[PDB]
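Structure record follows, encoded as C-alpha coordinates.
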Amino acid sequence: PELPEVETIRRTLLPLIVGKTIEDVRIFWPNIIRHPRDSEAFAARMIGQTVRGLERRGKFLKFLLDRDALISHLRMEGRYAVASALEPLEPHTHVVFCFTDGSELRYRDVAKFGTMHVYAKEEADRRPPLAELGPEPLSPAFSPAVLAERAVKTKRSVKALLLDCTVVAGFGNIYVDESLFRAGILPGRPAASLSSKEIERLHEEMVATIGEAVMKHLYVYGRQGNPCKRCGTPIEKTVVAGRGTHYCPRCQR
DNA sequence: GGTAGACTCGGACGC
DNA sequence: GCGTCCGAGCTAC
Ligand SMILES: [Zn+2]
(Lines give C-alpha, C1' and ligand atoms only; values in the text may rest on other atoms or scores of the structure.)
Protein backbone atom coordinates (compact mmCIF):
# COMPACT_ATOMS: atom_id res chain seq x y z
CA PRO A 1 0.00 0.00 0.00
CA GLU A 2 0.95 3.68 -0.43
CA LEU A 3 0.99 6.24 2.38
CA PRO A 4 -2.70 7.14 2.11
CA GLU A 5 -3.80 3.50 2.27
CA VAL A 6 -1.45 2.88 5.21
CA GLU A 7 -3.09 5.84 7.00
CA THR A 8 -6.47 4.23 6.35
CA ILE A 9 -5.21 0.93 7.82
CA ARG A 10 -3.86 2.83 10.84
CA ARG A 11 -7.11 4.69 11.41
CA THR A 12 -9.36 1.64 11.05
CA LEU A 13 -7.15 -0.95 12.75
CA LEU A 14 -6.69 1.13 15.93
CA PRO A 15 -10.18 0.78 17.53
CA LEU A 16 -10.08 -2.96 16.75
CA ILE A 17 -6.99 -3.54 18.90
CA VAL A 18 -6.66 -0.68 21.35
CA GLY A 19 -6.71 -1.81 24.99
CA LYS A 20 -6.24 -5.47 24.11
CA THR A 21 -3.62 -7.50 25.94
CA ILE A 22 -1.31 -9.92 24.13
CA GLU A 23 -1.44 -13.47 25.45
CA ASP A 24 0.60 -15.14 22.72
CA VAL A 25 2.54 -14.41 19.57
CA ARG A 26 2.75 -17.14 16.95
CA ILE A 27 5.22 -16.92 14.07
CA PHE A 28 5.05 -19.11 10.95
CA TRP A 29 7.63 -17.28 8.84
CA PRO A 30 10.41 -16.06 11.18
CA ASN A 31 12.23 -14.21 8.37
CA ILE A 32 9.66 -11.42 8.67
CA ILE A 33 10.95 -10.69 12.18
CA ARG A 34 13.99 -8.43 11.80
CA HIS A 35 14.45 -7.28 15.41
CA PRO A 36 15.16 -8.92 17.76
CA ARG A 37 16.69 -11.21 15.12
CA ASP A 38 15.65 -14.24 17.19
CA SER A 39 11.91 -14.58 16.57
CA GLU A 40 11.46 -16.33 19.93
CA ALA A 41 12.73 -13.23 21.78
CA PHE A 42 10.37 -11.16 19.62
CA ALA A 43 7.43 -13.32 20.70
CA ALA A 44 8.41 -13.51 24.38
CA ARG A 45 8.88 -9.79 24.90
CA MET A 46 5.47 -8.85 23.53
CA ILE A 47 3.53 -11.30 25.72
CA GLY A 48 1.69 -9.46 28.48
CA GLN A 49 1.78 -6.03 26.85
CA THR A 50 -1.38 -4.11 26.03
CA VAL A 51 -1.89 -2.21 22.77
CA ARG A 52 -2.03 1.52 23.60
CA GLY A 53 -1.93 3.11 20.15
CA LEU A 54 -1.13 2.90 16.46
CA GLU A 55 0.75 5.57 14.60
CA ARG A 56 2.15 5.82 11.07
CA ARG A 57 5.52 7.11 9.86
CA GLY A 58 5.90 7.13 6.11
CA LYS A 59 4.61 3.73 5.02
CA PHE A 60 5.56 2.14 8.38
CA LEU A 61 2.96 1.30 10.99
CA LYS A 62 4.03 1.84 14.57
CA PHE A 63 2.04 -0.23 17.09
CA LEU A 64 2.56 1.26 20.53
CA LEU A 65 2.39 -1.16 23.42
CA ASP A 66 3.21 -0.74 27.13
CA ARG A 67 7.00 -0.76 26.91
CA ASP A 68 7.66 -1.59 23.25
CA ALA A 69 6.84 -0.29 19.80
CA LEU A 70 6.31 -2.71 16.92
CA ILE A 71 7.44 -1.23 13.61
CA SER A 72 5.74 -2.92 10.66
CA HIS A 73 6.18 -2.46 6.90
CA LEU A 74 3.65 -4.17 4.64
CA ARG A 75 5.71 -3.77 1.47
CA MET A 76 3.59 -5.05 -1.46
CA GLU A 77 1.22 -7.65 -0.05
CA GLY A 78 1.22 -7.28 3.76
CA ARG A 79 -2.24 -7.04 5.37
CA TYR A 80 -3.61 -7.03 8.93
CA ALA A 81 -7.01 -8.30 10.03
CA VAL A 82 -8.58 -8.86 13.42
CA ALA A 83 -10.57 -12.05 13.85
CA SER A 84 -11.60 -14.80 16.27
CA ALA A 85 -9.07 -17.41 17.45
CA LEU A 86 -11.87 -19.96 16.92
CA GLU A 87 -11.79 -19.57 13.13
CA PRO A 88 -9.30 -21.16 10.69
CA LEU A 89 -6.48 -18.87 9.61
CA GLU A 90 -6.59 -17.56 6.05
CA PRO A 91 -3.79 -18.55 3.64
CA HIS A 92 -0.36 -16.89 3.95
CA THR A 93 -0.82 -15.94 7.59
CA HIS A 94 2.74 -15.58 8.89
CA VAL A 95 2.36 -13.81 12.23
CA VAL A 96 -0.54 -13.88 14.74
CA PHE A 97 -0.85 -11.79 17.91
CA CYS A 98 -3.33 -13.52 20.22
CA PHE A 99 -5.21 -11.31 22.69
CA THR A 100 -6.68 -12.31 26.04
CA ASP A 101 -10.23 -11.74 24.77
CA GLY A 102 -10.06 -14.57 22.20
CA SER A 103 -9.47 -12.25 19.27
CA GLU A 104 -6.29 -12.12 17.14
CA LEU A 105 -4.44 -9.60 15.05
CA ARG A 106 -3.33 -11.61 12.00
CA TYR A 107 -0.58 -10.60 9.60
CA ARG A 108 -0.89 -12.03 6.05
CA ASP A 109 1.69 -11.55 3.31
CA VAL A 110 1.75 -13.80 0.25
CA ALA A 111 5.04 -12.21 -0.92
CA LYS A 112 6.68 -12.52 2.50
CA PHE A 113 8.38 -9.18 1.87
CA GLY A 114 7.03 -7.31 4.91
CA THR A 115 9.14 -6.64 7.99
CA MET A 116 8.66 -6.31 11.75
CA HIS A 117 11.05 -4.70 14.23
CA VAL A 118 10.41 -4.38 18.00
CA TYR A 119 12.26 -1.92 20.31
CA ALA A 120 11.59 -0.09 23.55
CA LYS A 121 9.31 2.76 22.47
CA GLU A 122 11.85 5.45 23.28
CA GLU A 123 14.38 3.81 20.93
CA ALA A 124 12.23 3.08 17.89
CA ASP A 125 12.74 6.46 16.22
CA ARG A 126 16.55 6.23 16.29
CA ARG A 127 16.88 2.60 15.14
CA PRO A 128 16.26 0.93 11.79
CA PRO A 129 14.05 1.09 9.90
CA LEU A 130 12.74 4.46 11.19
CA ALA A 131 16.12 6.11 11.78
CA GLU A 132 16.83 8.75 9.09
CA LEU A 133 13.25 8.75 7.79
CA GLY A 134 12.40 12.20 6.38
CA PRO A 135 9.55 14.48 7.54
CA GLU A 136 5.89 13.63 7.03
CA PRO A 137 4.78 15.10 3.68
CA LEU A 138 1.65 16.61 5.22
CA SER A 139 3.54 18.18 8.11
CA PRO A 140 5.04 21.68 8.42
CA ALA A 141 8.40 19.93 8.82
CA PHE A 142 8.20 19.22 5.10
CA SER A 143 8.45 22.68 3.57
CA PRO A 144 9.58 24.34 0.34
CA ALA A 145 12.62 25.52 2.29
CA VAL A 146 13.49 21.98 3.30
CA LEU A 147 13.02 20.72 -0.24
CA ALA A 148 15.06 23.56 -1.73
CA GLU A 149 17.94 22.82 0.65
CA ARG A 150 18.17 19.18 -0.44
CA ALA A 151 17.65 20.11 -4.11
CA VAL A 152 20.42 22.72 -4.34
CA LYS A 153 22.91 20.50 -2.50
CA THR A 154 22.50 17.44 -4.72
CA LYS A 155 23.43 16.79 -8.34
CA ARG A 156 21.07 13.89 -9.09
CA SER A 157 17.67 14.04 -10.77
CA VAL A 158 14.56 15.53 -9.21
CA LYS A 159 12.95 12.08 -9.33
CA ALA A 160 15.87 10.51 -7.47
CA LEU A 161 15.59 13.26 -4.87
CA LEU A 162 11.89 12.64 -4.24
CA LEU A 163 12.41 8.87 -4.03
CA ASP A 164 14.94 9.46 -1.24
CA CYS A 165 13.17 8.44 2.01
CA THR A 166 15.48 10.77 4.01
CA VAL A 167 14.14 13.68 1.98
CA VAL A 168 10.46 13.07 2.75
CA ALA A 169 8.56 10.08 4.12
CA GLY A 170 6.46 7.76 1.98
CA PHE A 171 6.88 9.00 -1.59
CA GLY A 172 6.95 6.08 -4.01
CA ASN A 173 7.45 5.74 -7.78
CA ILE A 174 3.80 6.51 -8.34
CA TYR A 175 3.33 9.66 -6.30
CA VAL A 176 6.65 11.06 -7.51
CA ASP A 177 5.53 10.67 -11.17
CA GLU A 178 2.13 12.20 -10.50
CA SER A 179 3.49 15.10 -8.42
CA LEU A 180 6.08 15.95 -11.06
CA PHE A 181 3.36 15.90 -13.71
CA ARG A 182 1.12 18.26 -11.75
CA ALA A 183 4.02 20.62 -11.05
CA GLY A 184 5.01 20.61 -14.74
CA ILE A 185 8.54 19.35 -14.11
CA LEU A 186 10.40 16.68 -16.09
CA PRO A 187 11.56 13.87 -13.76
CA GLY A 188 15.06 13.77 -15.29
CA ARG A 189 15.59 17.45 -14.48
CA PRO A 190 18.58 17.89 -12.16
CA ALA A 191 17.22 18.74 -8.73
CA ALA A 192 19.68 21.62 -8.63
CA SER A 193 18.20 22.99 -11.88
CA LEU A 194 14.83 23.80 -10.33
CA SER A 195 13.94 27.46 -9.74
CA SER A 196 12.47 28.70 -6.46
CA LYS A 197 9.10 29.02 -8.19
CA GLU A 198 9.42 25.40 -9.35
CA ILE A 199 10.32 24.23 -5.83
CA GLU A 200 7.24 25.89 -4.31
CA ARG A 201 5.28 24.42 -7.18
CA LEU A 202 6.56 20.90 -6.59
CA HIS A 203 6.11 21.12 -2.82
CA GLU A 204 2.54 22.31 -3.22
CA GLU A 205 1.70 19.51 -5.65
CA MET A 206 3.42 16.86 -3.54
CA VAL A 207 1.23 17.92 -0.62
CA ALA A 208 -1.90 18.10 -2.76
CA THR A 209 -1.21 14.69 -4.27
CA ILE A 210 -0.70 12.92 -0.94
CA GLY A 211 -3.32 15.03 0.83
CA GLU A 212 -6.13 14.41 -1.65
CA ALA A 213 -5.49 10.68 -1.53
CA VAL A 214 -5.43 10.57 2.32
CA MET A 215 -8.69 12.52 2.58
CA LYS A 216 -10.65 11.18 -0.41
CA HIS A 217 -7.54 9.41 -10.99
CA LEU A 218 -3.99 9.16 -12.41
CA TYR A 219 -2.43 11.54 -14.95
CA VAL A 220 0.66 9.69 -16.05
CA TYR A 221 1.46 6.61 -13.97
CA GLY A 222 0.97 3.48 -16.07
CA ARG A 223 -0.77 5.46 -18.83
CA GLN A 224 2.01 5.38 -21.42
CA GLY A 225 0.58 5.41 -24.93
CA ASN A 226 -2.59 7.10 -23.68
CA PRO A 227 -3.38 10.78 -24.28
CA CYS A 228 -2.42 13.23 -21.55
CA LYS A 229 -5.56 14.31 -19.71
CA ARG A 230 -4.49 17.96 -19.87
CA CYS A 231 -3.03 18.36 -23.40
CA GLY A 232 -3.74 15.11 -25.23
CA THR A 233 -0.07 14.41 -25.96
CA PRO A 234 0.71 10.70 -25.62
CA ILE A 235 2.14 9.84 -22.18
CA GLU A 236 5.66 8.43 -22.38
CA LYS A 237 7.70 5.99 -20.29
CA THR A 238 11.46 5.90 -19.79
CA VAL A 239 14.11 5.11 -17.20
CA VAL A 240 15.16 7.80 -14.74
CA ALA A 241 17.02 6.97 -11.53
CA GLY A 242 16.89 3.32 -12.58
CA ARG A 243 13.10 3.54 -12.47
CA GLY A 244 10.23 3.31 -14.92
CA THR A 245 9.15 6.91 -15.22
CA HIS A 246 5.87 8.18 -16.66
CA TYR A 247 5.50 11.73 -17.96
CA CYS A 248 3.97 14.11 -20.50
CA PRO A 249 6.69 15.61 -22.71
CA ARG A 250 4.50 18.64 -23.37
CA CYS A 251 3.19 19.55 -19.90
CA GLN A 252 6.44 18.78 -18.17
CA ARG A 253 9.55 20.93 -18.65
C1' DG B 1 30.45 10.95 2.37
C1' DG B 2 27.89 11.97 -1.90
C1' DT B 3 25.74 9.06 -4.80
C1' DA B 4 25.01 5.34 -8.78
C1' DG B 5 24.04 1.31 -8.79
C1' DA B 6 23.67 -3.34 -6.44
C1' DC B 7 21.15 -5.61 -3.15
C1' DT B 8 17.29 -7.70 -0.65
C1' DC B 9 12.71 -10.31 0.66
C1' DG B 10 10.10 -15.09 -2.45
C1' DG B 11 8.24 -17.00 -5.77
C1' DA B 12 5.86 -16.56 -10.20
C1' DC B 13 6.35 -17.08 -14.68
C1' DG B 14 7.77 -17.73 -19.69
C1' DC B 15 10.33 -19.34 -22.18
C1' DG C 1 15.38 -26.22 -15.59
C1' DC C 2 17.53 -21.64 -14.76
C1' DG C 3 17.34 -15.77 -16.01
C1' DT C 4 13.50 -11.74 -15.34
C1' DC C 5 10.45 -9.89 -13.26
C1' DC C 6 7.76 -7.24 -8.59
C1' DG C 7 10.17 -2.25 -5.71
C1' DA C 8 10.98 0.27 -1.20
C1' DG C 9 14.44 1.19 1.14
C1' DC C 10 23.50 -1.64 1.55
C1' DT C 11 27.82 -0.83 -0.66
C1' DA C 12 31.94 0.89 -3.58
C1' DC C 13 34.87 4.59 -5.43
ZN1 LIG D 1 0.24 17.00 -21.25
Side-chain angles (χ1 to χ4, degrees), chain A residues 1-10 27-36 38-39 42 56-62 70-78 80 91-95 107-119 124-137 142 146-148 150-152 154 156-180 187-194 206 209-210 213 218 220-224 237-247:
Chain A
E2 300 292 337
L3 186 154
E5 181 170 346
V6 175
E7 177 58 34
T8 293
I9 292 157
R10 190 208 62 84
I27 299 157
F28 312 105
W29 195 253
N31 282 347
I32 289 156
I33 310 319
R34 306 303 189 85
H35 190 287
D38 184 352
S39 64
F42 176 103
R56 176 196 56 72
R57 278 283 286 125
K59 291 177 207 196
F60 295 97
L61 287 164
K62 185 199 288 198
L70 161 69
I71 313 314
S72 173
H73 199 291
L74 312 176
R75 294 290 173 153
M76 298 110 77
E77 297 296 326
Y80 278 108
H92 316 300
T93 300
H94 303 311
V95 185
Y107 178 71
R108 292 174 73 189
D109 192 342
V110 62
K112 301 177 180 192
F113 273 31
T115 61
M116 294 177 181
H117 292 77
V118 171
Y119 301 98
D125 288 338
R126 54 181 192 83
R127 300 287 247 96
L130 296 183
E132 316 277 58
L133 188 57
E136 284 295 317
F142 180 66
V146 162
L147 189 53
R150 296 294 301 265
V152 292
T154 189
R156 28 173 197 167
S157 65
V158 60
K159 177 153 180 189
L161 183 66
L162 301 188
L163 289 169
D164 186 345
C165 64
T166 67
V167 171
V168 59
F171 260 79
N173 201 38
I174 296 160
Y175 283 144
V176 167
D177 277 9
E178 295 294 306
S179 292
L180 288 164
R189 289 274 307 281
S193 81
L194 276 58
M206 290 177 61
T209 289
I210 283 289
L218 291 187
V220 292
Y221 194 81
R223 305 190 61 250
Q224 61 279 20
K237 183 163 173 164
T238 61
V239 192
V240 171
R243 309 299 297 266
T245 313
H246 310 251
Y247 64 92

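Every heavy atom of this structure was used, including side-chain atoms; hydrogens, water molecules and symmetry mates were not. Reminder, nothing fancy here: chain letters follow the sequence lines and each chain counts from 1.
With sequence neighbours left out, A:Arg10 forms a salt bridge (charged side-chain N to carboxylate O under 4.0 Å, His left out) with A:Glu7.
Rounded to whole Å, the P atom of C:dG3 lies 15 Å from the corresponding atom of B:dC7. As rounded to the nearest Å, B:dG2 and C:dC10 have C1' atoms that lie 15 Å from one another. Taking atom P on both B:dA6 and C:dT4, the two are 14 Å apart, rounded to the nearest angstrom.
A:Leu161 has its CG atom 13 Å from the P atom of B:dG2, to the nearest Å. Rounded to a whole Å, the CZ atom of A:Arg108 is 17 Å from the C1' atom of B:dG10. Following rounding to the nearest Å, A:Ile33 (CD1) and B:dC9 (P) show an atom-to-atom distance of 15 Å. Regarding A:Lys112, its NZ atom lies at a distance of 9 Å from the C1' atom of B:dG11, rounded to whole Å. Atom CG in A:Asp164 sits about 14 Å away from atom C1' in B:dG1, given to the nearest Å. The NE2-P distance, from A:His73 to B:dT8, rounds to 19 Å in whole Å. In this entry the distance linking CD1 of A:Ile32 with P of B:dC9 reads 13 Å, nearest Å.
Bracketed by its first and final contacts, the part of DNA chain C lying under 4.0 Å from non-hydrogen atoms of chain A reaches from C:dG7 to C:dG9 in 5' to 3' order.
At a threshold of 4.5 Å between non-hydrogen side-chain atoms, the residues A:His246 and A:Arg223 do not count as touching. Using a 4.5 Å cut-off on side-chain heavy atoms (C-beta onward), A:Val168 and A:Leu147 make no contact.
OP1 or OP2 of B:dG10 sits under 4.0 Å from a side-chain N or O of A:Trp29. Checking the phosphate oxygens (OP1, OP2) of B:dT3, a side-chain nitrogen or oxygen of A:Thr154 falls inside 4.0 Å.
Taking the ring centroids of A:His94 and A:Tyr107, they lie at or beyond the 6.0 Å cut-off.
The pair A:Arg156-A:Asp164 meets the salt-bridge criterion, since a charged nitrogen lies less than 4.0 angstrom from a carboxylate oxygen.
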* To do: Just do the salt bridge (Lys or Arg N to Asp or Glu O under 4.0 Å) check on A:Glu136 and A:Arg56 with the steps written out, would you?
  => CA-CA 10 Å; A:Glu136 284 295 317; A:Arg56 176 196 56 72; 2.9 Å; yes
* Decide yes or no on salt bridge (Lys or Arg N to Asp or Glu O under 4.0 Å) for A:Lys62 and A:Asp125, but give the supporting numbers first. => CA-CA 10 Å; A:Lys62 185 199 288 198; A:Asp125 288 338; 2.9 Å; yes
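One side chain, A:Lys159 or A:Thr245, offers a donor N or O that lies under 3.5 Å from an acceptor on the other.
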* Bracket string, DNA chain C, 5' to 3' - pairs by Watson-Crick or G-U geometry under 3.5 Å, | interstrand -> ||.|||||||.||
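Pucker check on C:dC10: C1'-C2'-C3'-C4' negative, sugar south.
Ring-plane geometry between A:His117 and A:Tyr119 is classed as parallel, the angle between the planes falling under 30 degrees on a 0 to 90 degree scale with a further cut at 60.
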